[PDB]
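Below is one structure, written out as structure tokens, with a few remarks after it.
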Amino acid sequence: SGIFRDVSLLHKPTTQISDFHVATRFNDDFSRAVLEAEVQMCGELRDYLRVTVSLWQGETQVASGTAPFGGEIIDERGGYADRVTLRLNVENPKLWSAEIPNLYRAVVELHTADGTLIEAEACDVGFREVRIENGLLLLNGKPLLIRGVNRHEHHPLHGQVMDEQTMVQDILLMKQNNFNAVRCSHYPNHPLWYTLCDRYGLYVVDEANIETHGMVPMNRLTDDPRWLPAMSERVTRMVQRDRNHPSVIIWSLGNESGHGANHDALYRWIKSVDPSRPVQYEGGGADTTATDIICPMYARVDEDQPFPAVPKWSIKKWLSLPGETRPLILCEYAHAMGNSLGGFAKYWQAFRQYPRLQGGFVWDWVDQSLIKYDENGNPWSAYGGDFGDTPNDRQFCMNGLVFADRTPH
Amino acid sequence: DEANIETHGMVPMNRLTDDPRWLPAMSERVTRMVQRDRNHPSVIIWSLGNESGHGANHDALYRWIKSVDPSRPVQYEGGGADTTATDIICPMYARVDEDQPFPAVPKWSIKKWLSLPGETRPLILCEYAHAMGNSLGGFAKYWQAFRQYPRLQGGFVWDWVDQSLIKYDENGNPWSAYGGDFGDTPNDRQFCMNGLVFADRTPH
Ligand SMILES: [Mg+2]
Ligand SMILES: [Mg+2]
Ligand code: NA
Ligand code: NA
Ligand code: NA
Ligand code: NA
């Protein structure tokens with residue numbers, strides 16, 4: 001517990017950019033795109049106001065548009081007098097992917113028409129399309145093969161406080177070891193994480209901070225309308241914060257909270273507000289109505305585990321169950337606890353052989369061990385119960401491909 | 001119940017089946033079988049023939065059947081086993097786990113075939129486990145997969161009975177003959193003997 005992420009003070013003008021969303025849509029062969037930027041303002045609404053959105057590739061300005069406020073009519077009462085949508089055409093855009101993280105810079109200027117900049121906001125933009133078609137998850141029209149890992153935010157001396165050095169150290173090692181994707185198990189990450197994945201190039205599953213694993217049954221709260229408000233905020237606020245990062249390719253509704261009607265309501269909310277990314281969620285059997293991707297945890301390659309209600313079928317068998325057509329990407333597989341990873345090659349042979357098996361996220365990146373000091377003051381790696389904590393789950397916190405100090409296992 | 005149409009020896013295999021001038025001749029082989037056998041309850045699926053590639057005539061006859069007799073699915077393996085002329089993926093000799101990616105008409109592992117993008121049909125092999133001589137090795141692998149995958153609904157082994165013919169030696173004693181034993185040439189030698197049983201019905 002604690003104030004474990006940054007604290008900052010931000011000055012905004014009274015008339016200000018209160019939100020902005022960037023979208024990139026393409027023609028059939030990705031040789032042409034339209035960047036659309038919806039900008040909202042708060043404060044003093046007057047006809048002299050304008051928004052200019054400009055797009056840059058390095059020091060070159062590739063496109064630019066300026067418009068006054070006032071969006072299209074949307075209903076019988078008119079439109080949003082406090083919003084404007086700019087549409088910029090971009091020819092032959094450089095596309096973003098984890099393989100080549102090409103980025104542009106969009107600068108959003110709020111200004112008077114006669115030239116006074118009130119304030120400017122901005123973001124890195126990655127031109128890419130994410131869509132599931134005919135049972136395949138495609139990025140820029142090609143089927144991805146997810147070489148992923150789940151990564152908690154953990155430092156053996158600082159706990160849950162993340163620092164830039166550590167995050168960079170982690171991304172370098174991930175890429176050096178042929179990973180191309182990371183799942184934010186199980187909550188939104190420190191904001192710099194997304195910037196780093198956008199820039200170095202990693203596909204990201206951004207996940208709402210909702211996990212109620214200890215309830216019995218697991219959906220007791222998620223199926224209860226009284227908890228819809230608290231859950232809604234964890235999903236909606238994450239989307240509002242991270243929707244313009246190109247690294248985020250899939251939204252997740254949280255983890256191990258069964259399948260409740262509140263997940264269905266929230267799945268639909270995100271599909272309405274952000275049609276650019278698929279939404280996934282493993283709870284309730286990994287292939288419920290609240291997921292666009294079959295995303296089991298620890299389903300085996302050939303072996304079925306037919307538990308009642310929530311069986312974990314062989315992944316090859318799961319894809320062809322009667323009526324199923326979605327792609328399957330394990331949200332967790334190959335639990336790397338201790339001397340583990342036995343059978344890892346079996347998963348990769350399957351992924352390469354079956355088109356709709358598009359990979360998965362290993363559990364997990366780094367052991368959650370903490371540093372303790374002995375009588376002589378020498379450091380040593382501690383696990384559950386080592387701090388007097390009880391009940392505890394002992395070494396179950398160490399499931400990493402790397403030790404807490406980032407030395408590889 | 002399968003129409004008497006097989007043009008395996010043409011090059012390419014659908015040379016006649018894609019030619020409209022052969023539509024009439026083919027149509028009769030399909031329509032007159034349906035007219036004759038459509039009241040038999042044992043017939044559960046109609047087949048458009050065998051190893052004749054995939055031609056427009058097949059599509060035409062597939063729809064004829066579906067229109068006159070909706071009570072039975074229609075299958076046909078030619079042209080890759082999953083064409084528009086078949087309601088069942090019905091490959092011949094596709095293996096359980098191993099793909100055989102031949103050009104144009106690949107034979108995918110049956111487990112993978114079910115799940116190719118967009119595919120939803122059931123899979124029943126029209127022929128599998130070629131029982132020629134000392135054979136049937138790996139037969140259990142097919143059955144373990146059929147029981148594990150709902151959409152893998154079985155198959156028809158190739159085949160029941162060896163096509164050997166009896167000949168008699170100098171002393172008048174009978175012996176089992178195969179291709180070339182009658183002076184026939186060219187011939188395909190023992191490839192006519194692929195059965196689970198000998199010609200006289202003694203089992204292999
Ligand atoms: Mg305990
Ligand atoms: Mg010969
Ligand atoms: Na694949
Ligand atoms: Na754990
Ligand atoms: Na089956
Ligand atoms: Na034969």
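Ordering of the structure tokens sets the chain letters (A, B, ...); residue numbers start at 1 within each chain; ligands are numbered from 1 in the order shown.
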Taking the DSSP secondary structure from the backbone, can you list the residues of range 150-179 of chain A that are alpha helix (DSSP H), as a list in words?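 Residues meeting the alpha helix (DSSP H) criterion: residues 164, 165, 166, 167, 168, 169, 170, 171, 172, 173, 174, 175 and 176 of chain A.
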Convert the current residue selection to file output with N, CA, C and O atoms, as a compact mmCIF listing (two decimals), in the first residue's frame.
# COMPACT_ATOMS: atom_id res chain seq x y z
N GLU A 164 12.05 3.95 -14.64
CA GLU A 164 12.38 3.90 -16.02
C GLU A 164 13.47 2.93 -16.32
O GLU A 164 13.42 2.23 -17.32
N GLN A 165 14.49 2.87 -15.46
CA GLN A 165 15.61 1.99 -15.78
C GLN A 165 15.22 0.58 -15.84
O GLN A 165 15.63 -0.16 -16.70
N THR A 166 14.43 0.24 -14.86
CA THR A 166 13.91 -1.15 -14.75
C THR A 166 12.98 -1.51 -15.91
O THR A 166 13.03 -2.62 -16.49
N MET A 167 12.13 -0.55 -16.25
CA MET A 167 11.25 -0.88 -17.37
C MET A 167 12.04 -1.10 -18.68
O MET A 167 11.82 -1.97 -19.46
N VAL A 168 13.06 -0.25 -18.98
CA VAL A 168 13.92 -0.35 -20.15
C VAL A 168 14.72 -1.66 -20.08
O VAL A 168 14.82 -2.43 -21.04
N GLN A 169 15.24 -1.95 -18.89
CA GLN A 169 15.97 -3.20 -18.75
C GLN A 169 15.02 -4.36 -19.11
O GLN A 169 15.44 -5.31 -19.77
N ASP A 170 13.75 -4.27 -18.65
CA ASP A 170 12.87 -5.34 -18.96
C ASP A 170 12.60 -5.37 -20.48
O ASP A 170 12.61 -6.47 -21.07
N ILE A 171 12.27 -4.24 -21.11
CA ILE A 171 11.97 -4.34 -22.52
C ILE A 171 13.12 -4.81 -23.32
O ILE A 171 12.93 -5.60 -24.24
N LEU A 172 14.37 -4.40 -22.99
CA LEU A 172 15.53 -4.89 -23.76
C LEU A 172 15.63 -6.40 -23.65
O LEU A 172 15.80 -7.11 -24.64
N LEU A 173 15.58 -6.89 -22.43
CA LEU A 173 15.69 -8.36 -22.30
C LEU A 173 14.53 -9.10 -23.02
O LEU A 173 14.75 -10.20 -23.59
N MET A 174 13.31 -8.47 -23.03
CA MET A 174 12.19 -9.16 -23.67
C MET A 174 12.49 -9.29 -25.16
O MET A 174 12.41 -10.37 -25.72
N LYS A 175 12.85 -8.15 -25.75
CA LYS A 175 13.11 -8.21 -27.16
C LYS A 175 14.32 -9.04 -27.55
O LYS A 175 14.32 -9.74 -28.59
N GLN A 176 15.33 -8.96 -26.68
CA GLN A 176 16.55 -9.77 -26.90
C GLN A 176 16.23 -11.29 -26.91
O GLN A 176 16.98 -12.13 -27.46
Which residues of range 76-155 of chain B sit at most 12 Å from range 4-10 of chain B, using only C-alpha atoms? Give each one's shortest atom pair and distance in Å (one decimal place), in chain and ascending residue order, as a tab-separated table.
residue	atom	partner	partner_atom	distance
B:76	CA	B:5	CA	11.1
B:77	CA	B:6	CA	11.4
B:78	CA	B:8	CA	9.8
B:79	CA	B:8	CA	11.3
Go ahead and write the residues just picked, N, CA, C and O atoms, as a PDB file, in the first residue's frame.
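Contents of the output file again38.pdb:
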ATOM      1  N   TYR B  76     -18.597 -34.738 -51.607  1.00  0.00           N
ATOM      2  CA  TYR B  76     -17.760 -35.044 -52.803  1.00  0.00           C
ATOM      3  C   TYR B  76     -16.308 -34.648 -52.480  1.00  0.00           C
ATOM      4  O   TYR B  76     -16.158 -33.539 -51.949  1.00  0.00           O
ATOM      5  N   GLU B  77     -15.349 -35.532 -52.673  1.00  0.00           N
ATOM      6  CA  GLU B  77     -14.021 -35.207 -52.241  1.00  0.00           C
ATOM      7  C   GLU B  77     -13.167 -34.497 -53.270  1.00  0.00           C
ATOM      8  O   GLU B  77     -12.118 -33.907 -52.912  1.00  0.00           O
ATOM      9  N   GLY B  78     -13.529 -34.543 -54.566  1.00  0.00           N
ATOM     10  CA  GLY B  78     -12.635 -34.018 -55.576  1.00  0.00           C
ATOM     11  C   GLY B  78     -12.304 -32.598 -55.434  1.00  0.00           C
ATOM     12  O   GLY B  78     -13.053 -31.777 -54.909  1.00  0.00           O
ATOM     13  N   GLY B  79     -11.078 -32.271 -55.897  1.00  0.00           N
ATOM     14  CA  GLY B  79     -10.686 -30.862 -55.866  1.00  0.00           C
ATOM     15  C   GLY B  79     -10.293 -30.374 -54.477  1.00  0.00           C
ATOM     16  O   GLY B  79     -10.319 -29.121 -54.261  1.00  0.00           O
TER      17      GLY B  79
END
Would you kindly report the residues of chain A within 8 Å of chain B, using only C-alpha atoms, as a ChimeraX atom specification? /A:134-136,316-317,319-325,353-356
Export N, CA and C atoms of the chosen residues as a PDB file, in the first residue's frame?
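The result, written out as part.pdb:
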ATOM      1  N   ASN A 134     -12.456 -13.417 -40.244  1.00  0.00           N
ATOM      2  CA  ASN A 134     -12.443 -14.829 -40.577  1.00  0.00           C
ATOM      3  C   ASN A 134     -11.745 -15.727 -39.534  1.00  0.00           C
ATOM      4  N   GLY A 135     -11.791 -15.333 -38.227  1.00  0.00           N
ATOM      5  CA  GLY A 135     -11.251 -16.131 -37.147  1.00  0.00           C
ATOM      6  C   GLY A 135      -9.810 -15.810 -36.839  1.00  0.00           C
ATOM      7  N   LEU A 136      -9.182 -14.812 -37.541  1.00  0.00           N
ATOM      8  CA  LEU A 136      -7.766 -14.480 -37.328  1.00  0.00           C
ATOM      9  C   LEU A 136      -7.596 -13.100 -36.793  1.00  0.00           C
ATOM     10  N   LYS A 316      -5.870 -27.212 -29.515  1.00  0.00           N
ATOM     11  CA  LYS A 316      -6.194 -27.554 -30.908  1.00  0.00           C
ATOM     12  C   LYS A 316      -7.668 -27.972 -31.021  1.00  0.00           C
ATOM     13  N   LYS A 317      -8.171 -28.707 -29.983  1.00  0.00           N
ATOM     14  CA  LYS A 317      -9.552 -29.155 -30.024  1.00  0.00           C
ATOM     15  C   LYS A 317     -10.487 -27.956 -29.822  1.00  0.00           C
ATOM     16  N   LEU A 319     -10.411 -24.843 -30.748  1.00  0.00           N
ATOM     17  CA  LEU A 319     -10.726 -24.044 -31.895  1.00  0.00           C
ATOM     18  C   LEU A 319     -11.854 -24.591 -32.763  1.00  0.00           C
ATOM     19  N   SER A 320     -12.007 -25.934 -32.789  1.00  0.00           N
ATOM     20  CA  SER A 320     -12.984 -26.528 -33.697  1.00  0.00           C
ATOM     21  C   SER A 320     -14.238 -26.986 -33.038  1.00  0.00           C
ATOM     22  N   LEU A 321     -14.464 -26.634 -31.777  1.00  0.00           N
ATOM     23  CA  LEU A 321     -15.736 -27.039 -31.164  1.00  0.00           C
ATOM     24  C   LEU A 321     -16.881 -26.476 -32.050  1.00  0.00           C
ATOM     25  N   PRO A 322     -17.986 -27.252 -32.071  1.00  0.00           N
ATOM     26  CA  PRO A 322     -19.139 -26.907 -32.916  1.00  0.00           C
ATOM     27  C   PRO A 322     -19.520 -25.427 -32.782  1.00  0.00           C
ATOM     28  N   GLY A 323     -19.568 -24.746 -33.910  1.00  0.00           N
ATOM     29  CA  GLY A 323     -19.944 -23.320 -33.896  1.00  0.00           C
ATOM     30  C   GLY A 323     -18.813 -22.348 -33.549  1.00  0.00           C
ATOM     31  N   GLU A 324     -17.629 -22.799 -33.146  1.00  0.00           N
ATOM     32  CA  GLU A 324     -16.606 -21.814 -32.779  1.00  0.00           C
ATOM     33  C   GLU A 324     -15.791 -21.371 -33.916  1.00  0.00           C
ATOM     34  N   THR A 325     -15.492 -20.093 -33.873  1.00  0.00           N
ATOM     35  CA  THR A 325     -14.697 -19.567 -34.951  1.00  0.00           C
ATOM     36  C   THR A 325     -13.619 -18.572 -34.544  1.00  0.00           C
ATOM     37  N   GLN A 353       1.717 -24.614 -36.554  1.00  0.00           N
ATOM     38  CA  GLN A 353       0.941 -25.420 -37.461  1.00  0.00           C
ATOM     39  C   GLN A 353      -0.513 -24.946 -37.661  1.00  0.00           C
ATOM     40  N   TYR A 354      -1.156 -24.405 -36.666  1.00  0.00           N
ATOM     41  CA  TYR A 354      -2.578 -24.068 -36.770  1.00  0.00           C
ATOM     42  C   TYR A 354      -2.742 -22.562 -36.904  1.00  0.00           C
ATOM     43  N   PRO A 355      -3.320 -22.084 -38.002  1.00  0.00           N
ATOM     44  CA  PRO A 355      -3.447 -20.645 -38.189  1.00  0.00           C
ATOM     45  C   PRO A 355      -4.137 -19.933 -37.035  1.00  0.00           C
ATOM     46  N   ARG A 356      -5.251 -20.475 -36.555  1.00  0.00           N
ATOM     47  CA  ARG A 356      -5.984 -19.801 -35.502  1.00  0.00           C
ATOM     48  C   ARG A 356      -5.381 -19.910 -34.109  1.00  0.00           C
TER      49      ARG A 356
END
Please, which residues have at least one atom within 7 Å of an atom of ligand 1, using only C-alpha atoms and all ligand atoms, listed as a PDB file with N, CA, C and O atoms, in the first residue's frame?
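Result file follows (part-v1.pdb):
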ATOM      1  N   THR A 390       0.762 -14.259   7.217  1.00  0.00           N
ATOM      2  CA  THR A 390       0.123 -15.551   7.234  1.00  0.00           C
ATOM      3  C   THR A 390      -1.354 -15.251   7.357  1.00  0.00           C
ATOM      4  O   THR A 390      -1.757 -14.296   8.038  1.00  0.00           O
ATOM      5  N   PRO A 391      -2.180 -16.020   6.690  1.00  0.00           N
ATOM      6  CA  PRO A 391      -1.762 -17.085   5.798  1.00  0.00           C
ATOM      7  C   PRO A 391      -0.974 -16.507   4.624  1.00  0.00           C
ATOM      8  O   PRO A 391      -1.086 -15.320   4.244  1.00  0.00           O
ATOM      9  N   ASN A 392      -0.212 -17.367   4.011  1.00  0.00           N
ATOM     10  CA  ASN A 392       0.571 -16.939   2.837  1.00  0.00           C
ATOM     11  C   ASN A 392       0.673 -18.077   1.840  1.00  0.00           C
ATOM     12  O   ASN A 392       0.369 -19.216   2.157  1.00  0.00           O
ATOM     13  N   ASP A 393       1.149 -17.788   0.642  1.00  0.00           N
ATOM     14  CA  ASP A 393       1.260 -18.851  -0.317  1.00  0.00           C
ATOM     15  C   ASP A 393       2.688 -19.160  -0.719  1.00  0.00           C
ATOM     16  O   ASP A 393       2.993 -19.586  -1.874  1.00  0.00           O
ATOM     17  N   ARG A 394       3.582 -18.999   0.277  1.00  0.00           N
ATOM     18  CA  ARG A 394       4.978 -19.384   0.097  1.00  0.00           C
ATOM     19  C   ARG A 394       5.654 -18.971  -1.255  1.00  0.00           C
ATOM     20  O   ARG A 394       5.620 -17.804  -1.611  1.00  0.00           O
TER      21      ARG A 394
END
Which chains and residue numbers are within 6 Å of ligand 6, counting only C-alpha atoms and all ligand atoms, if I want them as a PyMOL selection string? chain B and resi 191-192+194
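Look at residue 100 in chain B: the protein and nucleic acid residues within 12 Å of it, using only C-alpha atoms and passing over chain neighbours fewer than 2 places away, are residues 353 of chain A; 80, 91, 92, 93, 94, 95, 96, 97, 98, 102, 103, 104, 105, 106, 107, 108, 109, 110, 112 and 113 of chain B.
Remark: for ligand 5, the closest of the candidate residues B:201, B:147, B:54, B:167 is B:147 (distances computed over only C-alpha atoms and all ligand atoms).
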Which residue gives the smallest distance to residue 406 in chain A among A:255, A:369, A:15, A:54, with only C-alpha atoms counted? A:369
Throw together the list of residues within 10 Å of ligand 3, counting only C-alpha atoms and all ligand atoms, and drop it here as number ranges by chain. A: 136, 143-146, 327-329, 348-359
Determine, counting only C-alpha atoms, which protein, DNA and RNA residues have an atom within 12 Å of an atom of residue 306 in chain A; residues of the same chain fewer than 4 positions away are not included. Present the result as a list in words. residues 285, 299, 300, 310, 311, 312, 313, 314, 317 and 318 of chain A; 148 of chain B
Save out the residues we just selected, N, CA, C and O atoms, as a compact mmCIF listing (two decimals), in the first residue's frame.
# COMPACT_ATOMS: atom_id res chain seq x y z
N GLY A 285 -14.52 -19.41 -18.24
CA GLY A 285 -14.29 -20.47 -19.25
C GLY A 285 -13.63 -20.08 -20.58
O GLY A 285 -13.57 -20.90 -21.51
N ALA A 299 -4.33 -23.92 -20.71
CA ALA A 299 -4.89 -25.04 -21.49
C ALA A 299 -3.68 -25.73 -22.14
O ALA A 299 -2.76 -25.06 -22.63
N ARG A 300 -3.68 -27.10 -22.16
CA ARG A 300 -2.57 -27.84 -22.71
C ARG A 300 -2.74 -27.99 -24.24
O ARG A 300 -3.81 -27.66 -24.78
N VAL A 310 -16.20 -25.02 -16.54
CA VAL A 310 -15.13 -24.25 -17.13
C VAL A 310 -14.00 -25.20 -17.54
O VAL A 310 -12.88 -25.13 -17.05
N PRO A 311 -14.30 -26.10 -18.50
CA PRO A 311 -13.26 -27.03 -18.91
C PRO A 311 -12.12 -26.28 -19.63
O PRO A 311 -12.31 -25.16 -20.19
N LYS A 312 -10.93 -26.87 -19.58
CA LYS A 312 -9.78 -26.31 -20.32
C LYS A 312 -9.48 -27.34 -21.39
O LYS A 312 -8.74 -28.33 -21.13
N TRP A 313 -10.13 -27.14 -22.55
CA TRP A 313 -9.86 -28.09 -23.64
C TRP A 313 -8.42 -27.94 -24.21
O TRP A 313 -7.79 -26.88 -24.11
N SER A 314 -7.92 -29.04 -24.83
CA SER A 314 -6.71 -29.02 -25.65
C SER A 314 -6.94 -27.74 -26.53
O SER A 314 -8.04 -27.57 -27.09
N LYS A 317 -8.17 -28.71 -29.98
CA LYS A 317 -9.55 -29.16 -30.02
C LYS A 317 -10.49 -27.96 -29.82
O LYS A 317 -11.59 -27.87 -30.41
N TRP A 318 -10.06 -27.00 -28.92
CA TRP A 318 -10.98 -25.90 -28.60
C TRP A 318 -11.36 -25.09 -29.84
O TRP A 318 -12.51 -24.68 -29.97
N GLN B 148 -11.97 -37.70 -29.51
CA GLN B 148 -11.69 -36.42 -28.84
C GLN B 148 -12.33 -35.18 -29.49
O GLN B 148 -12.66 -34.23 -28.74
Can you build me a table of chain B residues sitting at most 9 Å from ligand 2, with the closest atom pair per residue and its distance in Å to one decimal, using only C-alpha atoms and all ligand atoms, sorted by chain and residue number, as a Markdown table?
| residue | atom | partner | partner_atom_place_in_ligand_line | distance |
| --- | --- | --- | --- | --- |
| B:179 | CA | ligand 2 | 1 (Mg) | 7.8 |
| B:180 | CA | ligand 2 | 1 (Mg) | 7.4 |
| B:185 | CA | ligand 2 | 1 (Mg) | 6.8 |
| B:186 | CA | ligand 2 | 1 (Mg) | 5.0 |
| B:187 | CA | ligand 2 | 1 (Mg) | 4.0 |
| B:188 | CA | ligand 2 | 1 (Mg) | 4.4 |
| B:189 | CA | ligand 2 | 1 (Mg) | 6.0 |
Let me see the file: selected residues, N, CA and C atoms, as a compact mmCIF listing (two decimals), in the first residue's frame.
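Saved as result.txt:
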# COMPACT_ATOMS: atom_id res chain seq x y z
N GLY B 179 -2.95 -57.64 -60.65
CA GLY B 179 -2.69 -56.95 -61.94
C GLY B 179 -1.50 -57.55 -62.70
N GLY B 180 -1.64 -57.71 -64.01
CA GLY B 180 -0.63 -58.28 -64.92
C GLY B 180 -0.76 -59.84 -65.02
N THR B 185 -1.62 -55.37 -69.68
CA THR B 185 -0.56 -54.42 -69.53
C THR B 185 -0.86 -53.14 -70.31
N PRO B 186 -0.54 -52.03 -69.78
CA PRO B 186 0.11 -51.87 -68.50
C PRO B 186 -0.89 -52.29 -67.43
N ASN B 187 -0.36 -52.44 -66.21
CA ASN B 187 -1.19 -52.83 -65.04
C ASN B 187 -0.57 -52.24 -63.80
N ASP B 188 -1.35 -52.30 -62.72
CA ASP B 188 -0.86 -51.79 -61.45
C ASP B 188 -0.70 -52.87 -60.40
N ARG B 189 -0.30 -54.06 -60.87
CA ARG B 189 0.14 -55.16 -60.00
C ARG B 189 -0.71 -55.37 -58.76
Per residue of chain A within 7 Å of ligand 4, note the shortest atom pair and the distance in Å to one decimal, counting only C-alpha atoms and all ligand atoms, and order the rows by chain and increasing residue number, as JSON lines.
{"residue": "A:396", "atom": "CA", "partner": "ligand 4", "partner_atom_place_in_ligand_line": "1 (Na)", "distance": 4.5}
{"residue": "A:397", "atom": "CA", "partner": "ligand 4", "partner_atom_place_in_ligand_line": "1 (Na)", "distance": 4.3}
{"residue": "A:398", "atom": "CA", "partner": "ligand 4", "partner_atom_place_in_ligand_line": "1 (Na)", "distance": 6.2}
{"residue": "A:399", "atom": "CA", "partner": "ligand 4", "partner_atom_place_in_ligand_line": "1 (Na)", "distance": 5.9}
